[PDB]
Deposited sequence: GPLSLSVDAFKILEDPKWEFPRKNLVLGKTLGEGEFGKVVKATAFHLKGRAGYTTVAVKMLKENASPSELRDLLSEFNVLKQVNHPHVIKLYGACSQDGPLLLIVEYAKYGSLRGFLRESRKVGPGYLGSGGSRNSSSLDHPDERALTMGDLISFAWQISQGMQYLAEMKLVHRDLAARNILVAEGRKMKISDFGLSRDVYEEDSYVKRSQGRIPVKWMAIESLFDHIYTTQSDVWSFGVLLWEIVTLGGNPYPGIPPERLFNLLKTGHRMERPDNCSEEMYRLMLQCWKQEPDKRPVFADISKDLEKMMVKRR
């Protein structure tokens, strides 16, 4: 099928890394399907000595969809290059299991970074606006490349050195049933199965809510089965504590029913630029 062709094509030069040069270390995170380990890579892309990386792999009970996701993530990350998108270095496909070598982000996920942090780790409202803007800049680039991310959330933003935001998890991203958690999906994605750049805008609004709440769980105490009816009727998440009126108006605009009425990623970046400079 489609996957057996891809697996054969992937197993078989720019992106192929020698397996002898890679030394895997501790586990950075894990599920039943797959895991990420910290590693070191000798002579990676013409670098001197050892380069610290993260290595994405599958576990022994991996399904076809999980194997397709990893190859899909490889295929997208070849085509993209931006300071706020995760850098693919390459992949081991000739020696053992299929590994993807990506950049190491020292502070981990944005969800974990914010949950570790406290009220205004010292983070200010300017720092939270800065994190939002960096993700909006990365999403502006991806939208220009005709690439819907689909799973845009705080767990999938990585926090690199100098607190530089990195969009990651391109397994479910597509060019232009679903496996995105219901609380981050747009209304047209839920009802009509439509995924556009404007459905990423809705998901960015949820990511903005996570950033302002310091890694809070969206729609708290509401199961995802009930969310079909609530979003249909016009209910949204209320304004959280330590959130401005301008910031909440950006969230409510992201969560409009009609996708045309939502702001584009160029508009979001401009709003956050205006928020920063006025402070």
Item checked: Stretches of the record's deposited sequence for which the structure holds no C-alpha atoms -> 13 to 15, 124 to 144, 201 to 210, 314
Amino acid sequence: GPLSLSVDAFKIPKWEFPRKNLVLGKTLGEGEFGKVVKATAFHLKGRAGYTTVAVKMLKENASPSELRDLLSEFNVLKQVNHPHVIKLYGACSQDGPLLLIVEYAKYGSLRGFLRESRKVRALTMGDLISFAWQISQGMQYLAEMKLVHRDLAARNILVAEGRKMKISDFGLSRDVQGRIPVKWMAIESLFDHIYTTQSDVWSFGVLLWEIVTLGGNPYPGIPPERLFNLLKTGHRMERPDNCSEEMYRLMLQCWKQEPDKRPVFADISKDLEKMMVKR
From here on, numbers count along this sequence of modelled residues.
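Between two forms, the rigid core is the largest collection of C-alphas that superpose within 1.5 Å.
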Check: C-alpha RMS from this form in 6 other deposited structures of this protein, rigid core superposed: larger for 64 to 72 or 28 to 36?
Finding: 28 to 36
Check: 52 to 60 versus 221 to 229: which one's CA atoms end up farther from this form in 6 other deposited structures of this protein after a core fit?
Finding: 52 to 60
Notebook entry, point to check: Mean CA B-factor: is it higher for 121 to 129 or for 167 to 175?
Noted result: 121 to 129
Check: Do the CA atoms of 19 to 27 or those of 255 to 263 have the higher mean B-factor in the entry?
Finding: 255 to 263
Notebook entry, point to check: Which is it among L88, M145, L152, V159: the one with the largest CA B-factor in the entry?
Noted result: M145
Notebook entry, point to check: Going by the entry, which third of its chain does the Cα temperature factor of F33 land in?
Noted result: highest
Check: Among the modelled residues of its chain, does the C-alpha B-factor of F191 lie in the lowest, middle or highest third?
Finding: highest
Item checked: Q198, C-alpha B-factor rank within chain (lowest, middle or highest third) -> middle
Checklist line | Ranked C-alpha temperature factor of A105 among modelled chain residues, by third | finding: lowest
Next item on the list: Name the third of the chain's ranked CA B-factors that contains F42, choosing lowest, middle or highest.
Entry: lowest
